[PDB]
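Q: Input: one structure, supplied below.
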2 protein chains.
Amino acid sequence: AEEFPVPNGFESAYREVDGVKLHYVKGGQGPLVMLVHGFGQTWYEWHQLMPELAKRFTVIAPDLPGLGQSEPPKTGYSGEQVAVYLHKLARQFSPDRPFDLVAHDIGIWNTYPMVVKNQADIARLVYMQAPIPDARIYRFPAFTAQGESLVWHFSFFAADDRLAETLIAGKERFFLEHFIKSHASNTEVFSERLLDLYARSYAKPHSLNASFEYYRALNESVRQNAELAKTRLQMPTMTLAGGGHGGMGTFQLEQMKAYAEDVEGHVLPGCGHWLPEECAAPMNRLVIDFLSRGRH
Amino acid sequence: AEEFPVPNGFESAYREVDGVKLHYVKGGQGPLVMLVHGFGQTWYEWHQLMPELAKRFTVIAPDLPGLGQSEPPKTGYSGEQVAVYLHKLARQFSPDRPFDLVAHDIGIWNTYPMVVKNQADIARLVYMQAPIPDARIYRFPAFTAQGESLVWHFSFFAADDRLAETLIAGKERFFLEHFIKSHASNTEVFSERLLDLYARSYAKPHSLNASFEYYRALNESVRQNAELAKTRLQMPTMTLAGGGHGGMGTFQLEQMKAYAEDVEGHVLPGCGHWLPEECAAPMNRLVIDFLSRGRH
């Protein structure tokens, strides 16, 4: 079965990578573009972009290990460990040319190490709506004069005693609706049907755990990145961020300037954290145009 | 019915204050000292210190509105609103003389306004383990490199949609053990027996809700205090903080210096948030010695 509907002309398939069975949805023809989702979601967050992109590229959208229909990692959830699976998966499909990478939220955490360590393999890079794990994350406020802050959830999810799984189990749909809407500007785009689909997926016990294990490895990822970052990114890079409630604003581009020589950034007014859903048309356009400046 | 065992010689009683029935435990003779507990607990946190103080003072330890065996407030949960109830309670027992005040955690939030608005009513003051609500709280980090963020729970508890009650209902005993121990240095003092007592109390639906309403009013309390703090505290004040895991460290004294003309501070090594239980002997000594500088 499928947790989410596959777009016309795409296929849902699996590949074993280092003994881990990864799920992905693939379509199109041309150079490879890998699209990597984040927390609370699956490959399906890219389902509106995929058909448009597939007109010019071969498009693959994996489920992160442990999430969607992918098996948990057998190594661990730190950025460097997860990035190995994503890198090898991409290379199975693009062994002879560099590929493009688009990542959202923790998709960034799970890809940055393989980008920096395999620069020749990455033609163009698009990063949206999450910090690269580094010392900057220790500066975000716990609480704001308006109420709950953007990343207090880092601590909630990283807490031990399986705090998050224990409190959220049985209330998965309730929690996810709250989390999504609290990080959104445009809540209307999240139908009760769409929320049902996402909630059922991440409520799988191994997926609920996997979700938070990414956060439990965050400090480790920060320490890993402290070494990796000595090497600057040289490929064309674009950042995108929402300017509305839930958005990273100018943070995304400003951080990326420290990592990349060649970067352009956009802040999208009226949009929060969930760019592919909240501001699908302009996000899609920017991504497509940016990637289409390379051979396709 | 008593939620916690009354120390020998003390009485458990109630006083109606502005239409709200407040529970307290009272004992001893002499000048009045009021002890005010914080989140996750009740008057019982003071039960080891009370008999010692009662040798020199009349001691009263109320349950905060909505917590323990006290009815919720009829006005609101902001510091200025709650402090009215506590000031009036204390003044019932000490109508013609100033009294001493010791407060822990949100006990600070709920007493600071009555202290500043009624300075002549307060002889001596001891505050421990929480910021006075002001702009400084917006500076605490959501996520830390080492240990754990001290105040990310502010956002969790303040979040709308009754997020915290909804997730914690039915799992109160689990949550409180996690919260208390994660904020502790000497975790061994929190026996399953003691945790059972505390959890049973805050698991009352109105008490679980009351607990979080204090945090939902926190920004309002900050706004209140911005005006109130234009007048500095004139009475002798002492701050205590833990130096261990979960401790506020030097922050407690440093913030207090902005508020008080006459302040001395102590940081207790190897002690976390829960001073009266984690570090009973040196905490009790510091408090009794400080209050005994006055006539008793």
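Every read-out reported here was derived from the displayed coordinates using simple, explicitly stated rules and does not represent laboratory data. Note that we place each Cβ from the backbone using ideal geometry, even for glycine, and neighbour counts take in every protein chain shown.
Q: Any residue in region B:57-72 that is at positive phi sitting within a Cβ distance under 7 Å of a residue that is part of a strand (DSSP E or B) and surrounded by fewer than 24 Cβ atoms within 10 Å (Cβ to Cβ)? List the pairs, counting only those 6 or more apart or interchain.
A: B:68/B:23
Q: Does region A:127-149 hold any residues that are in contact with a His (Cβ under 9 Å, 6 or more places away or on another chain) and either more than 8 Å from chain B (Cβ to nearest Cβ) or β-branched (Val, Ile, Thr) (or both), and which are they?
A: If the condition is that a residue be in contact with a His (Cβ under 9 Å, 6 or more places away or on another chain) and either more than 8 Å from chain B (Cβ to nearest Cβ) or β-branched (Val, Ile, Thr) (or both), then A:127, A:128, A:129, A:130 are the ones that fit.
Q: Just a yes or no: is a residue in region B:269-278 more than 17 Å from the chain's Cα centre (by Cα) and either polar (S, T, N, Q) or closer than 21 Å to residue B:124 by Cβ (or both)?
A: Taking every residue of region B:269-278 in turn, none turns out to be more than 17 Å from the chain's Cα centre (by Cα) and either polar (S, T, N, Q) or closer than 21 Å to residue B:124 by Cβ (or both).
Q: Just name the residue that is farthest from the other protein chains (Cβ to nearest Cβ) out of those in region B:190-199 that are surrounded by fewer than 20 Cβ atoms within 10 Å (Cβ to Cβ) and within 19 Å of the chain's Cα centre (by Cα).
A: B:197
Q: Starting from region A:192-212, keep only residues that are assigned to a loop (DSSP other than H, G, I, E, B), then list their pairs with residues that are surrounded by fewer than 16 Cβ atoms within 10 Å (Cβ to Cβ) whose Cβ atoms are within a distance under 7 Å, requiring at least 6 positions of separation or different chains.
A: none
Q: A follow-up question, please. Within region B:64-80, work out how many residues are under 23 Å from residue B:224 (Cα atoms) and among the charged types (D, E, K, R).
A: Matching residues across region B:64-80 total 2.
Q: Which number in (1) more than 30 Å from residue A:169 (Cα to Cα); (2) crowded, with 24+ Cβ neighbours inside 10 Å; (3) in contact with a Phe, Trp or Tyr (Cβ under 9 Å, 6 or more places away or on another chain) marks the one condition that residue B:142 misses?
A: (1)
Q: With B:230, B:171 as the choices, which residue is over 18 Å from the mean Cα position of the chain (by Cα), without any contact (Cβ under 8 Å) to a residue 12 or more places away in the chain and under 19 Å from residue B:111 (Cβ atoms)?
A: Matching residue, one of B:230, B:171: B:230.
Q: Please go through (1) over 20 Å from the mean Cα position of the chain (by Cα); (2) buried (at least 21 other Cβ atoms within 10 Å of the Cβ); (3) more than 11 Å from chain A (Cβ to nearest Cβ); (4) not charged (D, E, K, R) for residue B:120 and return the number of the only condition it doesn't satisfy.
A: (2)
Q: Can you tell me which residue is nearest to residue B:157 (Cα to Cα) among those in region B:200-227 that are among the hydrophobic types (A, V, I, L, M, F, W, C) and surrounded by 19 or more Cβ atoms within 10 Å (Cβ to Cβ)? Talk me through it step by step, then tell me what you get.
A: Kept after step one, since they are among the hydrophobic types (A, V, I, L, M, F, W, C), are these residues of region B:200-227: B:203, B:208, B:210, B:212, B:217-218, B:222, B:226.
Filter once more, so that each one left must be surrounded by 19 or more Cβ atoms within 10 Å (Cβ to Cβ): B:208, B:210, B:212, B:217-218, B:222.
Details: B:208: 11, B:210: 11, B:212: 5, B:217: 10, B:218: 10, B:222: 16 Å.
Applying the filter and picking the extreme gives B:212.
Q: Would you mind stating whether residue A:103 is in contact with a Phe, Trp or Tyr (Cβ under 9 Å, 6 or more places away or on another chain), buried (at least 21 other Cβ atoms within 10 Å of the Cβ) and touching a residue at least 12 places away in the same chain (Cβ under 8 Å)? Reasoning before the result, please.
A: Values: in contact with a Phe, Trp or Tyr (Cβ under 9 Å, 6 or more places away or on another chain): yes; buried (at least 21 other Cβ atoms within 10 Å of the Cβ): yes; touching a residue at least 12 places away in the same chain (Cβ under 8 Å): yes.
Considered against the rule, which asks whether it is in contact with a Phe, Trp or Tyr (Cβ under 9 Å, 6 or more places away or on another chain), buried (at least 21 other Cβ atoms within 10 Å of the Cβ) and touching a residue at least 12 places away in the same chain (Cβ under 8 Å), residue A:103 comes out as yes.
Q: Let me ask another. Given (1) under 15 Å from residue A:39 (Cβ atoms); (2) surrounded by 22 or more Cβ atoms within 10 Å (Cβ to Cβ); (3) touching a residue at least 12 places away in the same chain (Cβ under 8 Å), where does residue A:152 come up short, assuming only one miss?
A: (3)
Q: Same structure again: I'm trying to understand the selection: among the residues of region B:150-174, which are more than 7 Å from chain A (Cβ to nearest Cβ) and part of a helix (DSSP H, G or I)? I'd like the intermediate steps shown before the answer.
A: As a first pass, look at region B:150-174 and keep what is more than 7 Å from chain A (Cβ to nearest Cβ): B:150, B:153, B:157, B:160, B:162, B:164-165, B:169-170, B:172-173.
Those that are more than 7 Å from chain A (Cβ to nearest Cβ) and part of a helix (DSSP H, G or I): B:153, B:157, B:164, B:165, B:172, B:173.
Q: Something else now. Suppose we filter region B:1-19 for residues that are buried (at least 21 other Cβ atoms within 10 Å of the Cβ) and part of a strand (DSSP E or B); how many remain?
A: Final tally of qualifying residues: 1.
Q: A follow-up question, please. Got a sec? Which of B:28, B:9 is on the phi > 0 side of the Ramachandran plot and touching a residue at least 40 places away in the same chain (Cβ under 8 Å)?
A: B:9
Q: Also: Is it the case that residue B:48 is within 14 Å of another protein chain (Cβ to nearest Cβ) and not aliphatic (A, V, I, L, M)?
A: Spelling it out, it is not the case that residue B:48 is within 14 Å of another protein chain (Cβ to nearest Cβ) and not aliphatic (A, V, I, L, M).
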